[PDB]
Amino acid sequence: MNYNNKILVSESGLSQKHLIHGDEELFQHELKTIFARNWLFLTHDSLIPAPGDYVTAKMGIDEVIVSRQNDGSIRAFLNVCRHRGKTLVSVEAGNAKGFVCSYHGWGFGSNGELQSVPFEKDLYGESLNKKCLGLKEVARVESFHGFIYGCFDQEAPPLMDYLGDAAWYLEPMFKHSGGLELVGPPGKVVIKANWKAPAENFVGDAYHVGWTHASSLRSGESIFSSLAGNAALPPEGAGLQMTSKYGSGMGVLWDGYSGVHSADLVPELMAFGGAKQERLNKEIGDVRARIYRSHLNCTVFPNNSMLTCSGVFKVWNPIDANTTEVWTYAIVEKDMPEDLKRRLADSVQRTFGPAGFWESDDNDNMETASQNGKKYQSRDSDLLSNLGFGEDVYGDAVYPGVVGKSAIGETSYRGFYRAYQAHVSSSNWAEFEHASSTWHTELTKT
């Protein structure tokens, strides 16, 4: 397939070829043009707070070691020995000043340097150039309010610019709330879906909630529960959708601070969020303080998603075109009482974890939609994302980005897939920029 010419996503992101969910050659091409190029979620400060603390993380199909340095910074390295390529670290988290390879015993520092080689003097003499044998380092590692992302491409925009117009929406909860903590360890489950299936669902799919999650809405007694079985449409002004230049996007459901949490947490949460909102009015204004306590379903392009307020935090780790390893963490606000944090974390896993009853509702939808992308008669068929097209705006006086001023639509699918196609057809960041110089105009046509 010629990725320079092949129209995988139509103009304005209105449709995508179904093969994108099934084609293994395209998956291999995404490793290069999506995963090796873009910002990928690694960890949070709260999981590696002290010098020597480390975790392992996936970046695409690669595995990295992410380590807190003595100077307080974080560096990340390929989990691969520079000698004969054995996996260095076999655990998920810990604290160490270095990592020793179990094959021939080479010792690397937490800073990635090759520090020791068994019997170096007797064997290599002075001929081994250890300075050139440090672990392969992730070129870019940056933080968004404690959330640590990595990028293999030195040419990428800074993480903040990469978030584009999505940053404005995330800031009230990520920054102005006093800060979030990631509660680990994550749940980890393999699903037989393409990573784009859950990524697109979290970025902009409010339409599915009433129908897909009918049973969870009815059974769990949560705040969005009036929607079970499409019994009721969210009223006008119930929310909005947004998307951005580099692909990130989200839905906003006004005031839904208790999110998917069952009735057992609703009063406590609605009290807590409301109290902080009243304080934030004076600091960031009424609109932004309201966004703080509003439910955001967001994907940070390409494969990191979240539900704020619900506190669900997801990584869709790619394995192959029909296989994804799902990592699920909980996010909590630092200044919540510890007992509330504990119950919120359990509730995140109860609803969206390995045995998350809400998440289970999505299984067949994402797996079959992905697997159908391999089927002969469906490869060249068009997946539709045209809902709300012709009603999006850009440059609004209050809400930034390409914005659909309605709770339910496909605005964020369009921006997600516009960025995806621009990356797939580009050889580097400069080409992506050239392919994106009229990004918002393309999204707001008609």
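We number the residues from 1 along the sequence you see.
- Of the two segments examined, 267 to 275 and 321 to 329, it is 267 to 275 that shows the higher average Cα temperature factor in the deposited entry.
- When the two stretches 148 to 156 and 215 to 223 are set side by side, the higher mean Cα temperature factor goes to 215 to 223.
- Set against one another, the Cα B-factors of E200, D346, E338, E92 in the record reach their highest point at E338.
- Per the deposited record, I284 carries the highest C-alpha B-factor of all listed residues (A369, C101, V300, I284).
- Residue-level temperature factors show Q241 in the lowest third of its chain, judged at the C-alpha atom.
- Among all modelled residues in this chain, the alpha-carbon of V190 has a temperature factor (C-alpha) in the lowest third.
- Sort the chain's modelled residues by C-alpha temperature factor and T351 lands in the lowest third, per the entry.
- Sort the modelled residues of the chain by CA B factor and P400 lands in the middle third.
- In the PDB entry, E11 places in the highest third of its chain by CA B-factor.
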